[PDB]
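Student: I have a structure here, written as structure tokens, and I will follow up with some questions on it.
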Amino acid sequence: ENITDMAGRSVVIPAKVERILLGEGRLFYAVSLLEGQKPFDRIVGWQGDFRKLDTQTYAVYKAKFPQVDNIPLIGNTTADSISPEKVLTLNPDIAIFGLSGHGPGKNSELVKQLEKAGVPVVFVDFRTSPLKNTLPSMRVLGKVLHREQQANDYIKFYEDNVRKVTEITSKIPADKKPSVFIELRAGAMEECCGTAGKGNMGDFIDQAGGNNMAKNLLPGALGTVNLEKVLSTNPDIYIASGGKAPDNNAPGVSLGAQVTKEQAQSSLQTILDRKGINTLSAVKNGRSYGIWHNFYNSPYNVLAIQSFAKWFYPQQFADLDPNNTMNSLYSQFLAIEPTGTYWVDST
Amino acid sequence: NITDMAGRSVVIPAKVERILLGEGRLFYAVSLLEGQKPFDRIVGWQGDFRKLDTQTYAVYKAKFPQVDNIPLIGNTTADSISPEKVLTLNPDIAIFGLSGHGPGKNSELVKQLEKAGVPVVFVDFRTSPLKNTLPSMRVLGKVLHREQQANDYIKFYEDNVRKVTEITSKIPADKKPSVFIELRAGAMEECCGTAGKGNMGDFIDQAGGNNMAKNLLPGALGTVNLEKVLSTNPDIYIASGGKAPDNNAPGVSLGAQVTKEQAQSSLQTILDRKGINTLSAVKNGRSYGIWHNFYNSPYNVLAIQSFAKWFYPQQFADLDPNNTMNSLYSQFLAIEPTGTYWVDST
Ligand SMILES: N=C(N)NCCC[C@H](NC(=O)c1cccc(O)c1O)C(=O)N[C@@H](CO)C(=O)O
Ligand SMILES: N=C(N)NCCC[C@H](NC(=O)c1cccc(O)c1O)C(=O)N[C@@H](CO)C(=O)O
Ligand SMILES: N=C(N)NCCC[C@H](NC(=O)c1cccc(O)c1O)C(=O)N[C@@H](CO)C(=O)O
Ligand SMILES: N=C(N)NCCC[C@H](NC(=O)c1cccc(O)c1O)C(=O)N[C@@H](CO)C(=O)O
Ligand SMILES: [Fe+3]
Ligand SMILES: [Fe+3]
């Protein structure tokens, strides 16, 4: 029994899996949809990005599962910090990697080492090409992790909840669509402004019937557009992504499992009060929003596609509630209770 | 015909030569129109300019001794104006303020003058400076036949204010400093006089400040208690005064005959008062003095600039209100600028 991963490579499905290696820690999100009430039972080790770049969601899982602290960290937050030696001594029976991100890619040496060691490697993608790859990735993870039921259940849930948006936005003509700029990790990078091109959160803008102003400024899924180019284009809608912890007075939007609506809106406002940004038509008109950054690499990204549609056409999606979708998602699939703020509107 | 600041229609006289000033310090608006002949057309005025602006008065007297012979229609209050002395001056126009030390739109004297066939014009630099200062000058221009001087002054004013507002109009509320202005600080019976939504409050608004008394008061002027100031503990403290140097009464010395030393020394007395002296703004040195009469004068662009430099020192490093003042005097007035109209604490 073989399968085609997101890198086009054929992978032989292991008879039994009990030692999953996560190339990128936040790939846990895809795994969590399959493992039910035993989320960490089969994880031998992971990249440190989930523990260090998702401190809020981490803490919530730790309070219910303290054994999460004992899962080995194969590195910090970059592919280059992964020791291939520590990886191999964990004797994984499968390794899950992302086409892009803070972990090894299809051409890394570690991938070749693992192939020499007889360890199946699966490439998924929620980051470069979410629209093409999210559902195929879950289908594949289902097959190789022996959780076809959970995967098929989640695909049905996802397709249905996305179809609620696309049934409407797929028929909207281009000239009625709002222009949109998404500023990733707004306020929190050295150089403004990170954003998404034809890929990443750009796919969400496309699906939600928006017009991404960076679509044709950038060759890749991620890139950089200068502040003045944003000011010049003066888009209808401004969106900032962040995942900053509540009690961090550094610049950035606070969003995540431990963030209250008050902190999300107070910190979004700081972001919108920055020189230049604050003269945007979208900011002055109040079409300014915050979205949780890690949706940029998670099959929970249907929550962001829905939040986008409701910001792009408020009345046409008055009846749609992403909080109900998150709650249906958590209750049906996860082992923790939903808390915090994953998106916010300016007041 | 023109519409004054009270919404009333006034038939502009064909020729004006006998101007009555309901409030003496309305002279300031007139001075911008009369060039080198400032007092030529004034038949009489309220005594507030002569008695509450002794410094600016003395400077004009030294160059124009005939100013002493302009009749005083009263002292410093509307109720002290003899309507009889007013009418025997046979004015051909009367200029009054919506508020202040002179008659308002509903006074008996205004009705008497209407019965006597005398045009009355209401201006305002005091209640709503932001709304009213420029419209007031436009109107005075038309009724006094000095449209050129008025239009020249409006252009000067707008340009010098726009230097501030083009910056501060884009600043968000959460980056603005909190400000308290204490009018005639030290000099009132009960502390502390200040401005609400109006008067010098308009200047704080324009200069991108946050007036702590904006929502404490219903009117343009009022009073807030010392303890309320201490409790709000604002970023920036400003005291207004116009006291003459050789006046042993309490208050801040500012005006045409005041040196920076006298201004600095007398501001310090004001800042050394119990309670005031523990303010964060005073301890941090964000404490300032502004000349009181800017509370009712179209020269108020000088204060708006002084506030802006105090509210954002670097963003207005290059802006100099002394140069604005010098340009104003040379272009419009008949005397030489002297003295200290603003001061920073040592
Ligand atoms: N801390 C580092 N020096 N690198 C992190 C590695 C991944 C890098 N990340 C981004 O470009 C990025 C942009 C916006 C928001 C984010 O959260 C990001 O992580 C990256 O993506 N590299 C690309 C190309 O280098 C890749 O691996 O495909
Ligand atoms: N590829 C790069 N060189 N920079 C882009 C990303 C690297 C780094 N990312 C994060 O810190 C991060 C945090 C939370 C979630 C994520 O997905 C992240 O990538 C980053 O942004 N560094 C800043 C330095 O402050 C920068 O590049 O300006
Ligand atoms: N000497 C008096 N009794 N009254 C003065 C007349 C005007 C009175 N003035 C003030 O309240 C005032 C406050 C702070 C600083 C100043 O320079 C002031 O003149 C006043 O404003 N009256 C109001 C209410 O009647 C008005 O004229 O509408
Ligand atoms: N409304 C009042 N009763 N008093 C406040 C204003 C009256 C008087 N004003 C002045 O002395 C004055 C001086 C220079 C410039 C001005 O505009 C002035 O108004 C005043 O302040 N009286 C004090 C006691 O002296 C007071 O009434 O608190
Ligand atoms: Fe990242
Ligand atoms: Fe007064």
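FYI, nothing fancy with the structure tokens labels: chains A, B, ... in order, residues from 1 per chain, ligands from 1 as they appear.
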I'd like a table as a Markdown table: residues in chain B with an atom no more than 9 Å from ligand 6, each row giving the shortest atom pair and its distance in Å to one decimal, only C-alpha atoms and all ligand atoms counted, sorted by chain and rising residue number.
Tutor:
```
| residue | atom | partner | partner_atom_place_in_ligand_line | distance |
| --- | --- | --- | --- | --- |
| B:48 | CA | ligand 6 | 1 (Fe) | 8.7 |
| B:52 | CA | ligand 6 | 1 (Fe) | 8.5 |
| B:76 | CA | ligand 6 | 1 (Fe) | 8.7 |
| B:100 | CA | ligand 6 | 1 (Fe) | 6.5 |
| B:101 | CA | ligand 6 | 1 (Fe) | 6.5 |
| B:184 | CA | ligand 6 | 1 (Fe) | 8.6 |
| B:292 | CA | ligand 6 | 1 (Fe) | 8.3 |
| B:293 | CA | ligand 6 | 1 (Fe) | 7.7 |
| B:295 | CA | ligand 6 | 1 (Fe) | 8.0 |
| B:296 | CA | ligand 6 | 1 (Fe) | 8.4 |
```
Student: Which residues sit within 12 Å of ligand 2, counting only C-alpha atoms and all ligand atoms, listed as number ranges by chain?
Tutor: A: 24-27, 48-56, 76-79, 100-103, 127, 183-196, 200, 222-224, 241-245, 250-256, 292-298
Student: Could you please select, counting only C-alpha atoms, the residues of chain A within 9 Å of chain B and state them as a ChimeraX atom specification?
Tutor: /A:270,273-275,278-279
Student: Among range 106-178 of chain A, which residues does DSSP mark as helix (DSSP H, G or I) when it is run on the backbone? Keep the chain and numbering as in the structure and answer as an NGL selection string.
Tutor: :A and (109-116 or 130-145 or 148-169 or 174-176)
Student: Between CA of residue 165 in chain A and CA of residue 180 in chain A, measure the distance and give it in Å to one decimal.
Tutor: 17.0 Å
Student: Please identify every residue of chain B that has at least one atom no farther than 10 Å from an atom of ligand 4, counting only C-alpha atoms and all ligand atoms, and for each give the shortest atom pair and the distance in Å to one decimal, arranged by chain then increasing number, as JSON lines.
Tutor:
```
{"residue": "B:25", "atom": "CA", "partner": "ligand 4", "partner_atom_place_in_ligand_line": "17 (O)", "distance": 9.3}
{"residue": "B:48", "atom": "CA", "partner": "ligand 4", "partner_atom_place_in_ligand_line": "15 (C)", "distance": 7.7}
{"residue": "B:49", "atom": "CA", "partner": "ligand 4", "partner_atom_place_in_ligand_line": "15 (C)", "distance": 8.9}
{"residue": "B:51", "atom": "CA", "partner": "ligand 4", "partner_atom_place_in_ligand_line": "14 (C)", "distance": 8.3}
{"residue": "B:52", "atom": "CA", "partner": "ligand 4", "partner_atom_place_in_ligand_line": "14 (C)", "distance": 4.8}
{"residue": "B:53", "atom": "CA", "partner": "ligand 4", "partner_atom_place_in_ligand_line": "14 (C)", "distance": 7.3}
{"residue": "B:54", "atom": "CA", "partner": "ligand 4", "partner_atom_place_in_ligand_line": "14 (C)", "distance": 9.8}
{"residue": "B:76", "atom": "CA", "partner": "ligand 4", "partner_atom_place_in_ligand_line": "9 (N)", "distance": 8.1}
{"residue": "B:77", "atom": "CA", "partner": "ligand 4", "partner_atom_place_in_ligand_line": "7 (C)", "distance": 8.3}
{"residue": "B:100", "atom": "CA", "partner": "ligand 4", "partner_atom_place_in_ligand_line": "17 (O)", "distance": 7.8}
{"residue": "B:101", "atom": "CA", "partner": "ligand 4", "partner_atom_place_in_ligand_line": "19 (O)", "distance": 7.4}
{"residue": "B:183", "atom": "CA", "partner": "ligand 4", "partner_atom_place_in_ligand_line": "17 (O)", "distance": 8.9}
{"residue": "B:184", "atom": "CA", "partner": "ligand 4", "partner_atom_place_in_ligand_line": "21 (O)", "distance": 6.9}
{"residue": "B:185", "atom": "CA", "partner": "ligand 4", "partner_atom_place_in_ligand_line": "21 (O)", "distance": 9.4}
{"residue": "B:186", "atom": "CA", "partner": "ligand 4", "partner_atom_place_in_ligand_line": "25 (O)", "distance": 9.8}
{"residue": "B:187", "atom": "CA", "partner": "ligand 4", "partner_atom_place_in_ligand_line": "25 (O)", "distance": 6.2}
{"residue": "B:188", "atom": "CA", "partner": "ligand 4", "partner_atom_place_in_ligand_line": "28 (O)", "distance": 3.8}
{"residue": "B:189", "atom": "CA", "partner": "ligand 4", "partner_atom_place_in_ligand_line": "28 (O)", "distance": 4.3}
{"residue": "B:190", "atom": "CA", "partner": "ligand 4", "partner_atom_place_in_ligand_line": "28 (O)", "distance": 5.8}
{"residue": "B:191", "atom": "CA", "partner": "ligand 4", "partner_atom_place_in_ligand_line": "28 (O)", "distance": 7.9}
{"residue": "B:192", "atom": "CA", "partner": "ligand 4", "partner_atom_place_in_ligand_line": "28 (O)", "distance": 8.9}
{"residue": "B:193", "atom": "CA", "partner": "ligand 4", "partner_atom_place_in_ligand_line": "28 (O)", "distance": 8.0}
{"residue": "B:221", "atom": "CA", "partner": "ligand 4", "partner_atom_place_in_ligand_line": "1 (N)", "distance": 9.4}
{"residue": "B:222", "atom": "CA", "partner": "ligand 4", "partner_atom_place_in_ligand_line": "1 (N)", "distance": 8.9}
{"residue": "B:223", "atom": "CA", "partner": "ligand 4", "partner_atom_place_in_ligand_line": "28 (O)", "distance": 9.6}
{"residue": "B:240", "atom": "CA", "partner": "ligand 4", "partner_atom_place_in_ligand_line": "15 (C)", "distance": 9.8}
{"residue": "B:241", "atom": "CA", "partner": "ligand 4", "partner_atom_place_in_ligand_line": "14 (C)", "distance": 7.6}
{"residue": "B:242", "atom": "CA", "partner": "ligand 4", "partner_atom_place_in_ligand_line": "14 (C)", "distance": 6.5}
{"residue": "B:243", "atom": "CA", "partner": "ligand 4", "partner_atom_place_in_ligand_line": "14 (C)", "distance": 7.7}
{"residue": "B:249", "atom": "CA", "partner": "ligand 4", "partner_atom_place_in_ligand_line": "25 (O)", "distance": 9.7}
{"residue": "B:250", "atom": "CA", "partner": "ligand 4", "partner_atom_place_in_ligand_line": "25 (O)", "distance": 9.6}
{"residue": "B:251", "atom": "CA", "partner": "ligand 4", "partner_atom_place_in_ligand_line": "13 (C)", "distance": 10.0}
{"residue": "B:291", "atom": "CA", "partner": "ligand 4", "partner_atom_place_in_ligand_line": "15 (C)", "distance": 9.7}
{"residue": "B:292", "atom": "CA", "partner": "ligand 4", "partner_atom_place_in_ligand_line": "15 (C)", "distance": 6.6}
{"residue": "B:293", "atom": "CA", "partner": "ligand 4", "partner_atom_place_in_ligand_line": "15 (C)", "distance": 6.4}
{"residue": "B:294", "atom": "CA", "partner": "ligand 4", "partner_atom_place_in_ligand_line": "17 (O)", "distance": 9.5}
{"residue": "B:295", "atom": "CA", "partner": "ligand 4", "partner_atom_place_in_ligand_line": "17 (O)", "distance": 7.7}
{"residue": "B:296", "atom": "CA", "partner": "ligand 4", "partner_atom_place_in_ligand_line": "17 (O)", "distance": 8.2}
```
Student: Extract, using only C-alpha atoms, all DNA, RNA and protein residues at most 9 Å from residue 19 in chain A, discarding same-chain residues fewer than 4 positions from it, and format them as a PDB file with C-alpha atoms, in the first residue's frame.
Tutor:
```pdb
ATOM      1  CA  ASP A  41       0.653   9.184  22.376  1.00  0.00           C
ATOM      2  CA  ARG A  42       2.496   8.552  19.098  1.00  0.00           C
ATOM      3  CA  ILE A  43       4.889  11.567  18.900  1.00  0.00           C
ATOM      4  CA  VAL A  44       8.564  10.531  19.397  1.00  0.00           C
ATOM      5  CA  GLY A  45       9.851  14.064  18.792  1.00  0.00           C
ATOM      6  CA  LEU A  90      14.617   8.468  18.238  1.00  0.00           C
ATOM      7  CA  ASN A  91      14.122   5.608  15.784  1.00  0.00           C
ATOM      8  CA  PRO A  92      11.014   7.112  14.135  1.00  0.00           C
ATOM      9  CA  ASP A  93       8.785   4.858  12.042  1.00  0.00           C
ATOM     10  CA  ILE A  94       7.480   7.885  10.144  1.00  0.00           C
ATOM     11  CA  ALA A  95       8.571  11.480   9.613  1.00  0.00           C
TER      12      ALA A  95
END
```
Student: For CA of residue 138 in chain A and CA of residue 84 in chain A, quote the distance in Å rounded to one decimal.
Tutor: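 Rounded to one decimal, the two atoms are 26.3 Å apart.
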Student: List every residue of range 161-293 of chain B that DSSP, applied to the backbone of this structure, assigns to strand (DSSP E), and report them as a PyMOL selection string.
Tutor: chain B and resi 178-182+193-195+210-211+221-223+236-241+287-291
Student: Once you have the residues from the selection above, write them out as an mmCIF file, in the first residue's frame, restricted to C-alpha atoms.
Tutor:
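For reference, again.cif as written:
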```cif
data_model
loop_
_atom_site.group_PDB
_atom_site.id
_atom_site.type_symbol
_atom_site.label_atom_id
_atom_site.label_comp_id
_atom_site.auth_asym_id
_atom_site.auth_seq_id
_atom_site.Cartn_x
_atom_site.Cartn_y
_atom_site.Cartn_z
ATOM 1 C CA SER B 178 -2.709 64.693 28.606
ATOM 2 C CA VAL B 179 -2.759 68.453 29.296
ATOM 3 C CA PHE B 180 -4.169 70.756 31.941
ATOM 4 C CA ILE B 181 -4.301 74.509 31.345
ATOM 5 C CA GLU B 182 -4.684 76.672 34.430
ATOM 6 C CA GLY B 193 -9.765 78.040 36.235
ATOM 7 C CA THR B 194 -9.438 76.196 32.930
ATOM 8 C CA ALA B 195 -10.954 75.636 29.531
ATOM 9 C CA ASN B 210 -5.593 65.870 25.196
ATOM 10 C CA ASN B 211 -7.329 68.405 27.424
ATOM 11 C CA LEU B 221 -14.645 78.133 30.608
ATOM 12 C CA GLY B 222 -15.084 76.725 34.096
ATOM 13 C CA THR B 223 -13.332 75.481 37.237
ATOM 14 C CA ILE B 236 1.825 68.505 30.683
ATOM 15 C CA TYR B 237 0.940 71.501 32.851
ATOM 16 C CA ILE B 238 0.382 74.989 31.337
ATOM 17 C CA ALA B 239 -0.298 78.181 33.286
ATOM 18 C CA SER B 240 -1.712 81.327 31.675
ATOM 19 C CA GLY B 241 -1.089 84.851 32.960
ATOM 20 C CA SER B 287 5.562 72.954 32.766
ATOM 21 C CA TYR B 288 4.946 76.116 30.759
ATOM 22 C CA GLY B 289 3.509 79.628 30.738
ATOM 23 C CA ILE B 290 1.291 81.158 28.016
ATOM 24 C CA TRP B 291 0.079 84.775 27.842
#
```
Student: Within 7 Å of range 36-42 of chain B, counting only C-alpha atoms, which residues qualify if same-chain residues fewer than 2 places away don't, as a PyMOL selection string?
Tutor: chain B and resi 17-20+31+34+44+67+333-334
Student: Write the residues of the selection above to a file with C-alpha atoms, as an mmCIF file, in the first residue's frame.
Tutor:
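Done, and the output landed in result37.cif:
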```cif
data_model
loop_
_atom_site.group_PDB
_atom_site.id
_atom_site.type_symbol
_atom_site.label_atom_id
_atom_site.label_comp_id
_atom_site.auth_asym_id
_atom_site.auth_seq_id
_atom_site.Cartn_x
_atom_site.Cartn_y
_atom_site.Cartn_z
ATOM 1 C CA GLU B 17 -15.168 106.083 10.934
ATOM 2 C CA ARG B 18 -16.595 105.625 14.455
ATOM 3 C CA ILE B 19 -16.021 102.055 15.685
ATOM 4 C CA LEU B 20 -17.294 101.078 19.129
ATOM 5 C CA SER B 31 -5.196 96.225 14.777
ATOM 6 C CA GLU B 34 -5.799 99.372 10.469
ATOM 7 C CA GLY B 44 -14.607 104.340 22.253
ATOM 8 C CA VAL B 67 -4.839 106.492 22.884
ATOM 9 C CA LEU B 333 1.070 96.137 13.117
ATOM 10 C CA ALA B 334 2.392 99.568 13.958
#
```
Student: Please determine, counting only C-alpha atoms, which residue among A:119, A:291, A:110, A:60 has the shortest atom-to-atom distance to residue 305 in chain A.
Tutor: A:291
Student: Could you check which of A:172, A:318, A:30, A:221 is closest to residue 124 in chain A, using only C-alpha atoms?
Tutor: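 Selected residue with least distance to residue 124 in chain A: A:30.
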Student: Tell me which protein, DNA and RNA residues are within 12 Å of residue 152 in chain B, counting only C-alpha atoms, leaving out same-chain ones fewer than 3 positions away, and put them as a count of residues only.
Tutor: 19
Student: Which value, in Å to one decimal, gives the distance between CA of residue 198 in chain A and CA of residue 129 in chain A?
Tutor: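 Separation between CA of residue 198 in chain A and CA of residue 129 in chain A: 8.2 Å.
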Student: Contacts of range 79-93 of chain B at 10 Å or less, counting only C-alpha atoms, minus same-chain residues fewer than 3 places along, as a short mmCIF file (atom, residue, chain, number, x, y, z; two decimals) with N, CA and C atoms, in the first residue's frame?
Tutor:
```
data_model
loop_
_atom_site.label_atom_id
_atom_site.label_comp_id
_atom_site.auth_asym_id
_atom_site.auth_seq_id
_atom_site.Cartn_x
_atom_site.Cartn_y
_atom_site.Cartn_z
N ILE B 12 -23.72 96.15 6.10
CA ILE B 12 -22.38 96.79 6.16
C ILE B 12 -22.52 98.28 5.84
N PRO B 13 -22.01 99.18 6.69
CA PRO B 13 -22.03 100.64 6.42
C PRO B 13 -21.27 100.96 5.14
N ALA B 14 -21.62 102.05 4.46
CA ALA B 14 -20.89 102.44 3.27
C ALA B 14 -19.49 102.94 3.66
N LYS B 15 -19.42 103.76 4.72
CA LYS B 15 -18.16 104.23 5.25
C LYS B 15 -18.21 104.15 6.77
N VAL B 16 -17.12 103.67 7.37
CA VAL B 16 -17.02 103.52 8.82
C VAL B 16 -15.93 104.46 9.31
N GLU B 17 -16.21 105.25 10.34
CA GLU B 17 -15.17 106.08 10.93
C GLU B 17 -15.31 106.21 12.45
N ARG B 18 -16.30 105.52 13.03
CA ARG B 18 -16.60 105.62 14.45
C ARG B 18 -16.93 104.24 15.02
N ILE B 19 -15.89 103.43 15.21
CA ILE B 19 -16.02 102.05 15.68
C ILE B 19 -16.10 102.01 17.21
N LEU B 20 -17.14 101.32 17.71
CA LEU B 20 -17.29 101.08 19.13
C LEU B 20 -16.86 99.65 19.47
N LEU B 21 -15.98 99.52 20.46
CA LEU B 21 -15.49 98.20 20.85
C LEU B 21 -16.15 97.78 22.16
N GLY B 22 -17.04 96.79 22.04
CA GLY B 22 -17.73 96.24 23.18
C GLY B 22 -16.78 95.63 24.20
N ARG B 41 -9.98 105.14 13.88
CA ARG B 41 -11.40 104.96 13.69
C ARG B 41 -12.13 104.45 14.94
N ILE B 42 -11.48 104.50 16.11
CA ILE B 42 -12.06 104.01 17.36
C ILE B 42 -12.67 105.19 18.10
N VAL B 43 -14.01 105.22 18.24
CA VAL B 43 -14.69 106.28 18.98
C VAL B 43 -14.66 106.00 20.48
N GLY B 44 -14.64 104.72 20.85
CA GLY B 44 -14.61 104.34 22.25
C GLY B 44 -14.55 102.82 22.41
N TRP B 45 -14.17 102.39 23.61
CA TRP B 45 -13.98 100.97 23.89
C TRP B 45 -14.19 100.66 25.38
N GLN B 46 -14.56 99.40 25.66
CA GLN B 46 -14.52 98.85 27.02
C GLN B 46 -13.12 99.01 27.60
N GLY B 47 -13.01 99.20 28.92
CA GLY B 47 -11.75 99.49 29.59
C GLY B 47 -10.85 98.28 29.84
N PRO B 71 -12.42 107.39 24.63
CA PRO B 71 -13.31 107.21 25.78
C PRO B 71 -13.47 105.74 26.20
N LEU B 72 -13.46 105.54 27.53
CA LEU B 72 -13.77 104.26 28.15
C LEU B 72 -15.26 104.19 28.44
N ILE B 73 -15.97 103.25 27.79
CA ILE B 73 -17.41 103.15 27.95
C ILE B 73 -17.76 102.39 29.23
N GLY B 74 -16.78 101.72 29.86
CA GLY B 74 -16.96 101.06 31.14
C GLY B 74 -15.64 100.55 31.70
N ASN B 75 -15.69 99.70 32.72
CA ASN B 75 -14.48 99.15 33.32
C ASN B 75 -14.20 97.80 32.68
N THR B 76 -14.42 96.68 33.40
CA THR B 76 -14.01 95.37 32.92
C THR B 76 -15.17 94.37 32.89
N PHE B 96 -18.93 93.56 19.10
CA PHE B 96 -19.12 92.87 20.37
C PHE B 96 -18.70 91.41 20.22
N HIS B 101 -15.92 90.19 28.67
CA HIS B 101 -16.08 91.26 29.65
C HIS B 101 -16.95 92.39 29.09
N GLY B 102 -17.64 92.12 27.99
CA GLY B 102 -18.50 93.09 27.33
C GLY B 102 -19.86 92.49 26.98
N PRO B 103 -20.81 93.31 26.51
CA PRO B 103 -22.17 92.85 26.24
C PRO B 103 -22.26 91.70 25.26
N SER B 107 -28.05 91.47 25.34
CA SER B 107 -28.00 92.61 26.25
C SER B 107 -28.94 93.72 25.78
N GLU B 108 -29.27 94.62 26.72
CA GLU B 108 -30.17 95.73 26.47
C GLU B 108 -29.47 96.73 25.55
N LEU B 109 -28.16 96.92 25.77
CA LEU B 109 -27.36 97.86 25.00
C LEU B 109 -27.40 97.51 23.51
N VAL B 110 -27.34 96.22 23.19
CA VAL B 110 -27.46 95.79 21.80
C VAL B 110 -28.81 96.20 21.23
N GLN B 112 -30.77 98.75 22.37
CA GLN B 112 -30.71 100.20 22.27
C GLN B 112 -30.05 100.64 20.97
N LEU B 113 -28.92 100.02 20.64
CA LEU B 113 -28.17 100.38 19.45
C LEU B 113 -28.98 100.06 18.20
N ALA B 116 -31.33 102.76 17.70
CA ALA B 116 -30.64 103.97 17.30
C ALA B 116 -30.14 103.91 15.86
N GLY B 117 -30.33 102.76 15.18
CA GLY B 117 -29.95 102.61 13.78
C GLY B 117 -28.47 102.29 13.58
N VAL B 118 -27.81 101.78 14.64
CA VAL B 118 -26.38 101.48 14.63
C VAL B 118 -26.19 99.99 14.36
N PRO B 119 -25.44 99.61 13.29
CA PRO B 119 -25.09 98.19 13.02
C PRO B 119 -24.23 97.56 14.11
N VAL B 120 -24.60 96.35 14.53
CA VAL B 120 -23.87 95.64 15.57
C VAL B 120 -23.30 94.36 14.97
N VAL B 121 -22.00 94.11 15.20
CA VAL B 121 -21.37 92.90 14.70
C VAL B 121 -20.79 92.08 15.86
N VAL B 143 -17.07 94.57 7.07
CA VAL B 143 -17.84 95.64 7.67
C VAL B 143 -16.96 96.86 7.92
N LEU B 144 -15.63 96.67 8.03
CA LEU B 144 -14.73 97.80 8.28
C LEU B 144 -14.00 98.24 7.00
#
```
